[PDB]
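Structure first, then comments.
Computed from heavy atoms alone, side chains included, the values below leave out hydrogens, waters and symmetry copies. One-based numbering along the sequence shown. In each ligand, atom 1 is the first atom listed, and ligand 1 is the first ligand listed.
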Amino acid sequence: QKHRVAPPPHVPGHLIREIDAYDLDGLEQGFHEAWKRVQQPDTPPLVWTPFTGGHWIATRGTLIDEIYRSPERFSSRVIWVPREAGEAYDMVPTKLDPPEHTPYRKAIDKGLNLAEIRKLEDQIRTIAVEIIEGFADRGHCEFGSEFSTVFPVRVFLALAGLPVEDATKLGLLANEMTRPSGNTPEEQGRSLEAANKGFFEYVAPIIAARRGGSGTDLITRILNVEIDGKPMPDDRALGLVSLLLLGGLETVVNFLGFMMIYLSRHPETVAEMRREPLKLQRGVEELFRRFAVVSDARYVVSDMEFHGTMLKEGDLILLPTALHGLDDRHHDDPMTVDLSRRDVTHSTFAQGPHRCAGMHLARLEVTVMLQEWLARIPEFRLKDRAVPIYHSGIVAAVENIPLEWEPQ
Ligand code: HEM
Ligand SMILES: CC1(C)[C@H]2CC(=O)[C@]1(C)C[C@H]2O
């Protein structure tokens with residue numbers, strides 16, 4: 001039974017749509033397919049749902065892109081639905097608008113910029129190869145539990161200088177951040193609050209140990225960047241390091257599952273990558289267009305009319321990033337991966353000042369993964385009659401991906 005709120009006076013009945021971002025209609029056929037059901041030919045650009053506390057949903061790529069690019073009109077002071085969870089959320093610098101955001105993003109970029117990420121290629125490759133060689137001769141694996149949940153976590157924990165044994169603890173907190181438990185906005189607010197506290201408890205001793213530290217790990221490097229000519233304050237550092245863990249543990253893991261389910265059903269596309277290695281390298285961004293996983297929100301700063309829609313200060317707008325990359329008004333045949341597509345524009349990493357700081361790392365992990373996978377498992381398929389299981393939320397998830405091949 002679903003919790004419902006009544007529409008506020010400024011929301012007209014013709015814009016109401018019953019959409020549950022934490023359990024989308026049609027989700028059993030796929031996360032991306034379920035969001036695409038919302039984006040019908042005559043669907044208004046902004047629709048309002050009475051679920052998850054009541055909130056708007058942007059249904060077209062142009063609005064999603066514009067909202068992300070417009071922090072003065074759409075603030076990050078709340079970026080989660082329901083509102084109770086968004087108010088409890090404390091990660092840095094995602095809760096900040098410019099100019100407070102700027103010095104912290106500069107600090108993060110010191111650790112995650114493209115030049116720094118390029119240095120990581122070979123250690124990423126050795127992690128990938130080690131895992132793949134564990135099952136490549138077997139002729140089958142469960143891709144989720146044997147690879148996609150293992151490879152990016154091992155990469156990030158090594159990069160962050162953290163013990164691999166912490167993977168389970170951190171994954172459980174991350175699950176409750178992005179798909180918080182509860183049948184009620186207040187309940188989900190409390191679940192996110194508890195997970196966010198778990199992250200802060202975990203990172204606080206690490207921060208204390210690495211301030212002024214001599215380590216070369218990502219945390220030491222970012223933590224010791226000065227903010228306004230001074231050491232980063234404790235409150236900001238806790239949210240900053242927690243956000244790095246959240247991005248490192250619950251983004252690429254889920255992206256890889258969706259990507260691999262598609263490739264397993266499209267052997268002609270896999271064969272193109274095999275025959276043309278540059279098409280793989282140049283085609284990775286088209287994968288990011290096609291397999292968005294994040295759906296988060298912004299806070300309407302002022303009463304306004306936006307794309308013909310009356311919004312009130314404090315209204316929340318959910319931005320399902322899949323509805324940019326998969327918008328048929330932006331991309332012809334949007335559900336098809338076309339490695340040669342010239343225009344790959346998407347909001348999978350969002351836009352504007354908060355555009356994903358980890359995107360260089362994400363791109364490199366995916367590129368190295370495909371290169372090492374195809375070198376050892378060049379052909380593969382989804383097990384006959386297998387049914388992946390899908391979850392929707394602020395970050396989408398998929399599990400049960402049994403793959404099969406003839407060992408080479
Ligand atoms: C498939 C992979 C990934 C996707 C789809 C993704 C998506 C996103 C999105 C949509 C945002 C903007 C959130 C908002 O402000 O509303 C973001 C921000 C961010 N991401 Fe990623 N991300 C990915 C990988 C990573 C990785 C591996 C890291 C490594 C730590 C990371 C770190 C960050 C950080 C620090 C920010 C905050 C940037 C800021 O506020 O200025 N992300 N990401
Ligand atoms: C929405 C995000 C994916 C993005 C900002 C968050 O809080 C994330 C959950 C991690 C980071 O990459």
Side-chain angles (χ1 to χ4, degrees), residues 64-65 67-69 71 74-81 85-86 89-98 100-113 116-117 120 124 148 151-153 155-157 159-160 173-180 192 195-196 199 218-219 222 236 239-259 284-285 287-299 317-322 324-325 346-366 369 393-397:
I64 294 164
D65 172 87
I67 288 168
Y68 275 131
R69 287 178 187 273
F74 307 99
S75 170
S76 301
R77 66 185 271 184
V78 180
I79 64 162
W80 243 244
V81 293
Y89 174 95
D90 189 344
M91 305 273 176
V92 167
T94 37
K95 273 310 210 48
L96 304 171
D97 297 316
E100 296 78 22
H101 165 262
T102 309
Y104 285 98
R105 178 53 180 261
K106 274 184 192 144
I108 289 174
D109 288 345
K110 292 288 176 44
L112 289 176
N113 66 66
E116 289 295 327
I117 296 316
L120 313 176
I124 295 172
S148 65
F151 159 69
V153 174
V155 163
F156 193 77
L157 291 183
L159 169 64
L173 293 170
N175 292 346
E176 287 293 314
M177 289 289 312
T178 58
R179 303 169 291 278
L192 183 149
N196 211 145
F199 270 114
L218 182 69
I219 292 179
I222 293 176
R236 295 271 137 111
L240 192 299
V241 180
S242 308
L243 178 63
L244 295 174
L245 294 176
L246 193 55
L249 299 210
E250 267 298 330
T251 57
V252 177
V253 165
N254 296 311
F255 175 86
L256 287 170
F258 291 107
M259 174 202 78
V284 167
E285 197 71 12
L287 304 176
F288 283 102
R289 178 200 66 82
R290 172 65 179 77
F291 304 109
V293 295
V294 175
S295 302
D296 64 9
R298 292 295 187 264
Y299 175 108
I317 307 175
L318 186 69
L319 307 169
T321 62
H324 182 180
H346 63 75
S347 293
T348 294
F349 300 123
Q351 314 286 348
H354 294 282
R355 194 162 70 105
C356 175
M359 61 173 46
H360 308 299
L361 181 53
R363 292 166 170 155
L364 181 61
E365 292 189 36
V366 170
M369 177 271 175
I394 305 303
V395 177

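- Atom 7 (C) of ligand 1 has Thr348 O, 3.6 Å as its closest protein atom, hydrogens excluded (heavy atom only).
- Near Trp80, meaning under 4.0 Å from any of its heavy atoms, are these atoms of ligand 2: 7 (O), 9 (C).
- Distance check on atom 3 (C) of ligand 2: some protein heavy atom falls below the 4.0 Å cut-off.
- Ranking protein heavy atoms by distance to atom 27 (C) of ligand 1, first place goes to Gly247 O, 3.7 Å.
- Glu365 contributes no side-chain N or O that, together with a main-chain N or O of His360, makes up a donor-acceptor pair within less than 3.5 Å.
- Of all the heavy atoms of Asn254, none lies under 4.0 Å from any atom of ligand 1, so neither backbone nor side chain is involved.
- Closest protein heavy atom to atom 24 (C) of ligand 1: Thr251 OG1, 3.2 Å.
- Using a distance-only test at 3.5 Å, with no hydrogens or angles considered, a donor-acceptor pair links the side chain of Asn196 to the main chain of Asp90.
- A donor-acceptor distance shorter than 3.5 angstrom exists from the side chain of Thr321 to the backbone of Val294, with no hydrogens or angles considered.
- A donor-acceptor pair under 3.5 Å is absent between the side-chain atoms of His354 and the main chain of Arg105, judged by distance alone.
- Residue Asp296 places at least one N or O, backbone or side chain, under 3.5 Å from an N or O of ligand 1.
- Between the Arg179 side chain and the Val395 main chain, a donor and an acceptor come within less than 3.5 Å of each other.
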Please lay out, stage by stage, how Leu256 and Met259 fare under the test side chain to side chain contact (heavy atoms under 4.5 Å, CB included). CA-CA 5 Å; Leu256 287 170; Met259 174 202 78; 3.8 Å; yes
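- Of all protein heavy atoms, the one lying nearest to atom 21 (Fe) of ligand 1 is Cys356 SG, 2.4 Å.
- Between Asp296, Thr94, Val395, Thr251, it is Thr251 that holds the heavy atom closest to atom 12 (O) of ligand 2.
- Side chain of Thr102 to backbone of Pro98: no donor-acceptor contact under 3.5 angstrom is found.
- Here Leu243 has side-chain heavy atoms under 4.0 Å from ligand 2, and that is the only part of it that gets that close.
- Only the backbone of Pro353 comes within 4.0 Å of ligand 1, judged by heavy-atom distances.
- Counting heavy atoms closer than 4.0 Å to ligand 1, residue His101 contributes side-chain atoms (C-beta onward) but none from N, CA, C or O.
- Taking any N or O of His354, backbone or side chain, at least one lies under 3.5 Å from an N or O belonging to ligand 1.
- Residue, atom and distance of the protein heavy atom nearest to atom 35 (C) of ligand 1 are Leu243 CD2, 3.7 Å.
- Pairing each heavy atom of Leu318 with each of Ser295, the nearest pair is CD1-O, 3.6 Å.
- Proximity to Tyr68 (heavy-atom distance under 4.0 Å) selects the following atoms of ligand 1: 16 (O).
- Side-chain contact annotation: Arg298 with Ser76, donor-acceptor N/O pair under 3.5 Å present.
- Protein heavy atom nearest atom 28 (C) of ligand 1, with residue, atom name and distance: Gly358 CA, 3.6 Å.
- For ligand 1, the atoms lying closer than 4.0 Å to a non-hydrogen atom of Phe288 are 1 (C).
- Counting heavy atoms closer than 4.0 Å to ligand 1, residue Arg298 contributes side-chain atoms (C-beta onward) but none from N, CA, C or O.
- Close contacts of ligand 1 with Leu244, meaning ligand atoms under 4.0 Å from a residue heavy atom, involve 30 (C).
- Side-chain atoms of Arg355 never come within 3.5 Å of backbone atoms of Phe349 as a donor-acceptor pair (strictly under, hydrogens ignored).
- In terms of N/O distances under 3.5 Å, ligand 1 is not approached by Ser347.
- Note on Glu100 versus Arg236: no salt bridge recorded, every NZ/NE/NH1/NH2 to OD/OE distance being 4.0 Å or above.
- The shortest separation from a heavy atom of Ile394 to ligand 2 is not under 4.0 Å, leaving the residue out of contact.
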